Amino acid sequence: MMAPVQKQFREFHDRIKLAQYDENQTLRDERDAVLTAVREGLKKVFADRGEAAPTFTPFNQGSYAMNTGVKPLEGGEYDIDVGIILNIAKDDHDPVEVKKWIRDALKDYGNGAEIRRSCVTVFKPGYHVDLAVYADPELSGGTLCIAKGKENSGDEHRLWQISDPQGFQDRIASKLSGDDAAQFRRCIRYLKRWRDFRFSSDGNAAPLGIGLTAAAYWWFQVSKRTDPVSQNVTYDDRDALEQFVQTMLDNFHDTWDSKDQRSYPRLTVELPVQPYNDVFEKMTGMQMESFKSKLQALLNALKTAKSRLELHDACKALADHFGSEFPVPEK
């Protein structure tokens, strides 16, 4: 019979997983250090403009909140994500000016703060912290809106966009339960490491991690066998990934580009909460074509790793796509 690889997938998962906020005091300390720095810097910035310092409520976001965190590759950085809800009315403030408040509050913290399209990012040796900045729902008509735009943007690209990070986190945490939910989380982490490993030559071309997570929310199916007599359950991560990657490939659509006068294959993945946008909408046709080509090659490897006599060959076929931390036993 062909070599199984379930034990090597579980070992790979143990190697790549990074503990979520609730189980990771180091990440809590680093997050909280940045939040105390923003309180200190806000007292400074708003005392300098004769106004009372605005207050904020922080909350956990991103993969360290949803228990889908992966360790970076060497030379990579941890990505600590937090939202802060300022006690302001969105209709009274430009979103970029508000982000300027936060960045100036973090002027001399670590390696300096920086205003991105989605957030204020602060850098330290080994990690960055993304602060997504929101206006107060109570003062802004009951909607949670994130500050979009940077210092570059014209009026069209400076906006308070309706957002629901906690809704998205809840959807990911609740899609399944128990050992089924554990397989779901493992397969998201496997594809996050695939993303890091096979998109390193051009990071700007990589699919957003939130995009792969939303794709899993739409299309992941548990793969397990239940012995009908003993009721014993054994999970099959290789098959779960094979069915999920084939479902994503099935959902690419050749999409005509009038500028280039050609088609590009495009995968559309809607967020299952507000604003329900296609998360991959900013990827170019060329990046999509390369995304689809690497997904097809991953699928081919997953099928190869079902039909090897030698565990070595099955594992090496997977390691070609998941990288040097995927276990390859000696022949």
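For the two forms, the rigid core is made up of the largest set of C-alpha atoms that agree within 1.5 Å on superposition. Note that residue numbering follows the sequence shown and begins at 1.
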Check your understanding: Is the larger C-alpha RMS shift in 6 other deposited structures of this protein, relative to this form with the rigid core superposed, found in 221-229 or in 138-146?
Key -> 221-229
Exercise for review: Could you check whether 91-99 or 197-205 drifts more from the shown form in 6 other deposited structures of this protein, using RMS Cα distance once the core is superposed?
Suggested key: 197-205
Study note, to complete from the structure: Taking the deposited Cα B-factors and averaging over 207-215 and over 142-150, the higher mean is found in 142-150
Revision key, fill the gap. For 306-314 versus 7-15, entry-based mean Cα B-factors point to 306-314
Revision key, fill the gap. The residue of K294, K43, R266, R262 with the maximal C-alpha B-factor according to the PDB record is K43
Practice item. Using the entry's values, work out which of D179, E242, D196, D91 has the largest Cα B factor. Key: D91
Check your understanding: Going by what the PDB entry lists, where does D48 fall on CA B-factor within its chain: lowest, middle or highest third?
Key -> highest
Revision key, fill the gap. Entry-reported C-alpha B-factor of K107 relative to its chain, by third, is highest
Practice item. Give the position of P58 by CA B-factor within its chain, expressed as the lowest, middle or highest third. Key: middle
Practice item. Select lowest, middle or highest to describe the third in which the CA B-factor of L159 falls within its chain in this entry. Key: highest
Revision key, fill the gap. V222: CA temperature factor from the record, placed by chain third, in the lowest
